[PDB]
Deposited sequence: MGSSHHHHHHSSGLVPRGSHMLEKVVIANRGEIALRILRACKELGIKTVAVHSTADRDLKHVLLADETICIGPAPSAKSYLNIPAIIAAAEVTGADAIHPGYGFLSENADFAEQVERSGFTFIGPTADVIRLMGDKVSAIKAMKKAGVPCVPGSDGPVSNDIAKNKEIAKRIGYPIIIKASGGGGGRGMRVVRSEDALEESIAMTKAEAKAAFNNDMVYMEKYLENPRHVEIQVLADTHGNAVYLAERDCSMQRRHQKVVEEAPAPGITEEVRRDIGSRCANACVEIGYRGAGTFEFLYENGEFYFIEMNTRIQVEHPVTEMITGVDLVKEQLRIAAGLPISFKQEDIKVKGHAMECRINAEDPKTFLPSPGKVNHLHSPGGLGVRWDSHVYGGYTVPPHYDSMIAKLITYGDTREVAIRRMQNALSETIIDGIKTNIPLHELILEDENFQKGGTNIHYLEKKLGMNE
């Protein structure tokens, strides 16, 4: 089975993966760039291998070097984390072709869900609800395009199949479509929330859905605060969309952890993308289900069945996560530098996922996320109050962080009420 895993990533998720491996007695191989020599997980790994210079293109996206590290250590598997090469079908294809287990879905399934209409295509077949659209590429004859558009109802939105332009009136169609590797047409939702379903699927033909997460708080389409379950969603609705996603997994032959992302508006779900990998915000789902998602990833890659059945999963309580970034809380300019003093919060229902430590220098070369603060409570309110308190205890001296932003979000009356849409944060910042 899995005796040694190459952790093809960095930062907090690399540490998350290391922890999961250690608990399973799996040997860890930390591949890192020269600038990541002092990462907490690198310092804890059983074996370390420099795979290149600081720039991502030369290190963490270096496919030849990553596979060479798996080779010279005798690894059985490679965990891509999220981002970087985790949804690169060439990488997964190349990884299997060299005899290693890729901890994720097969290359074909990544290609499938990596192209937008090809994706919406499969979901439709599987019974997964999609946004009313052209259902396929757009013709260039507008006389007919206007029909589909009027059929589904303005506003519509033109979308790149491998990626956006909003159309409000019929008079601006012809042209809006011209402006660009193809494009489809779809209904534009003005007040949607981001709601996503977590799933697991094994090589024994099983598939389970693990409730949902709401990730509506975003800046430039980048998630900032997430929670679970999604407010307003009943156990009945959960079962419906959840079971549809589970079925779709089997229909498309999915394997490992994945997430179906939907736009949620007026009680309707509309599929927009499947992330064929673990997600950053997976911890909130772990808190409310008791499931260890990364451990399940490893078990599944090992050829084992999911370690529980659907009936075993019950939602309990509520969880929140704040992505703590090294950046100016207003300008969002990255703030690299030495952390002179770190104090991380603790206590009942507080979870801290971070690779940062006092004396650690946050490099400029990669993303700005340095920690994920996660809280759990018996209700949504407790989780929020818990988050607020944990944040105020948190010290990170030496650099700027977005903690002040989180504190603003958490004391927001509308966020406290629940159900704010995907536009709300940028709107509050503007105001």
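- Unmodelled regions (deposited sequence positions with no C-alpha coordinates, counted from 1) are 1-20, 184-188, 206-215, 467-468.
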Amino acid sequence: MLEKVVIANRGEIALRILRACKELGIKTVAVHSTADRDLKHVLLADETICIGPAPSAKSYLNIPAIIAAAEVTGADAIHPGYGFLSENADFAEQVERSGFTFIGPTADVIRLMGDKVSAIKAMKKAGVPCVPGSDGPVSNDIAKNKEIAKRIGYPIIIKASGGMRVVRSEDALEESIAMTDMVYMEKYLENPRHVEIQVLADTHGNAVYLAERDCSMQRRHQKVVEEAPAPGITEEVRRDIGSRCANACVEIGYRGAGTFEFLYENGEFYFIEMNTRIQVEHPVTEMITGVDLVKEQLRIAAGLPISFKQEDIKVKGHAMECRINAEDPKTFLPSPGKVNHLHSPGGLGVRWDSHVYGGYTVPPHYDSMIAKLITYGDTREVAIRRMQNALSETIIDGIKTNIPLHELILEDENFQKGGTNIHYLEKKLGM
From here on, numbers count along this sequence of modelled residues.
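For clarity, a rigid core is taken as the largest C-alpha set superposing within 1.5 Å between two forms.
- Core-fitted comparison in 9 other deposited structures of this protein shows that, between 86-94 and 148-156, the CA atoms farther from the shown form belong to 148-156.
- Farther on average from this form in 9 other deposited structures of this protein lies stretch 167-175, the comparison being between 167-175 and 284-292 by RMS Cα distance after core superposition.
- In the other compared entries of this protein that model both flanking residues, residue 186 has coordinates in every one, well short of a third left out.
- In the other compared entries of this protein that model both flanking residues, residue 137 lacks coordinates in at least a third of them.
- Taking the mean C-alpha B-factor of each stretch as recorded, 186-194 and 289-297 are not equal, and the higher mean is that of 186-194.
- The PDB entry reports B-factors from which the mean C-alpha value can be compared for 327-335 and 128-136; the larger average falls on 128-136.
- Across 172, 320, 342, 257, the greatest Cα temperature factor reported in the deposited entry is at 172.
- The entry lists C-alpha B-factors for 202, 108, 353, 227, and the highest of these is at 108.
- Annotation for residue 283: C-alpha temperature factor in the lowest third relative to the rest of the modelled chain, per the entry.
- Ranked by Cα temperature factor within the chain, residue 360 sits in the lowest third according to the deposited record.
- When the CA B factors of the chain's modelled residues are split into thirds, the value for residue 23 lands in the middle one.
- Residue 154 sits in the highest third of its chain by CA B factor, as recorded in the PDB entry.
- Among all modelled residues in this chain, the alpha-carbon of residue 308 has a temperature factor (C-alpha) in the middle third.
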